[PDB]
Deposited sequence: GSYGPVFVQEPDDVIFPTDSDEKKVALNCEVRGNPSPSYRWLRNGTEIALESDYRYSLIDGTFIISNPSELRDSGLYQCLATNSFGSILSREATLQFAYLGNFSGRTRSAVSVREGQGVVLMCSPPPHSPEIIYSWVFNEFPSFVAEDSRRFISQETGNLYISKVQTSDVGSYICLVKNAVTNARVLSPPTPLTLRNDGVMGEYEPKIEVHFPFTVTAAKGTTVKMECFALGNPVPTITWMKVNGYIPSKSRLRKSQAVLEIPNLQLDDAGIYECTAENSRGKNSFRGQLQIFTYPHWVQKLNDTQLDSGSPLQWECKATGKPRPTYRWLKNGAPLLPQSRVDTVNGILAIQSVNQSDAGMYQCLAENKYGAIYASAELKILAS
């Protein structure tokens, strides 16, 4: 019949590793709406670059470049009855360099001493996986409570070096997105002959961050590992609390994994490394937030030309989100007929000029959500 633009599909976040990027947008409306794409708040002119084509709201870039094309993209859909703006979608890029070609000096340690072999990975993105190899690939390093690989530092941690450990160690890096894979030069591991090392209490050489902030429903991995003789044992504890039963110990107790974060799971977490000569511990903080989510959106409304109007948006989230309103993609300033307090829109006596698309925003530090509806004015 006759109605303003309504979102059927909105842009999703995309990470580019066939050299093409596609950003999605689709709306239904009568007459058929036309689309417009912004980047970083400013409208893109599709003519300004031949790499930019558009196929039914779907924004496409052939030959994507990280510098030229990175940013936040939005979809501006309009017809005769008004305009609506989509959520901001991130366009970022995956990339993986090669290791340094320089020979890596032999590392010499006493028998029974612990060692930390440096990965020293190439320039890359946060979306990678570390891996180590003994002498030759694919002869991967056996992982246990004496040999641990940090997925945060990339380094290989060996607690109580013995004769069998003597050899060369090669670091590996796979980018999960691009699937690419690069290898380091060998690092020789040798044993001194200036006597051996005795027994000593464990020393934590890698741990999880002092502070982390994760979203509800996500998974967090907290690694903690020490160098000791005898080989340390690692135990976990929530300070003045409880390790949630849903959690699982991984990589020989060195990793505590808490799937499905809830506001409850927030708190201080302590790992403890221990042998027969003493203990050492580390405390880190985990705090959980939640993205904004709609409780009460705004629906389409018809209203007689002299009637009052009161629209209300209600949303959840931590921290509590704030609200701001749009009419046809443009902000609604105060000191005008259209009054807005938090998530409430009020007009004392509407009129024909007020007919158009309206949007409600709920937002906090971590995200902003949108809701739209058409306001029709029955004429006098």
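S.K.: Take the full deposited sequence, match it to the modelled residues, and report the stretches without C-alphas.
M.R.: Comparing the full sequence with the modelled residues, the uncovered range comes out as just 18-21.
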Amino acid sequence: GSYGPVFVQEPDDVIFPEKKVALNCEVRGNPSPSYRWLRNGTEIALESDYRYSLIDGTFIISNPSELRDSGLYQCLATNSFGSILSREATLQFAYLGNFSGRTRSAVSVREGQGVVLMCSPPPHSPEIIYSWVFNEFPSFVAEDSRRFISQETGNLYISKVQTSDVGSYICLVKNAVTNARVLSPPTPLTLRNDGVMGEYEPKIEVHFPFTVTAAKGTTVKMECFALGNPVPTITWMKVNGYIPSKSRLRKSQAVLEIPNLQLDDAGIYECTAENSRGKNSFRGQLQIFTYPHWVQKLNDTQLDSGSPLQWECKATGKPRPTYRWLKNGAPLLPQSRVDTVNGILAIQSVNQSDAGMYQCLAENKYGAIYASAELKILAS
From here on, numbers count along this sequence of modelled residues.
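S.K.: Got a sec? Mean C-alpha B-factor, which is higher, 7-15 or 352-360?
M.R.: Averaging CA B-factors over each stretch, the winner is 7-15.
S.K.: Could you check which stretch, 303-311 or 123-131, carries the larger mean CA temperature factor in the entry?
M.R.: Higher mean C-alpha B-factor: 123-131.
S.K.: According to the Cα B-factor stored in this entry, which of the following is highest: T58, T340, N40, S62?
M.R.: Result of the comparison over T58, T340, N40, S62: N40.
S.K.: Using the temperature factors in the entry, find which of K174, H207, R147, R102 has the highest value at its Cα atom.
M.R.: When the deposited C-alpha B-factors of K174, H207, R147, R102 are compared, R102 is largest.
S.K.: Please place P185 in the lowest, middle or highest third of its chain by C-alpha B factor as given in the entry.
M.R.: Tercile = highest for this residue's CA B-factor.
S.K.: If you rank every modelled residue in this chain by C-alpha B factor, which third holds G29: lowest, middle or highest?
M.R.: Ranked within chain, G29 CA B lands in the middle tercile.
S.K.: Looking at the temperature factor on the CA atom of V21, which third of the chain's modelled residues does it land in?
M.R.: Within its chain, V21 is a lowest-third residue by C-alpha B-factor, going by the deposited values.
S.K.: Using the temperature factors of the C-alpha atoms in this entry, rank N260 within its chain: lowest, middle or highest third.
M.R.: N260: CA B-factor falls in the highest third of its chain.
S.K.: Is the Cα B-factor recorded for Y269 in the lowest, middle or highest third of its chain?
M.R.: Its C-alpha B-factor belongs to the lowest third of this chain's values.
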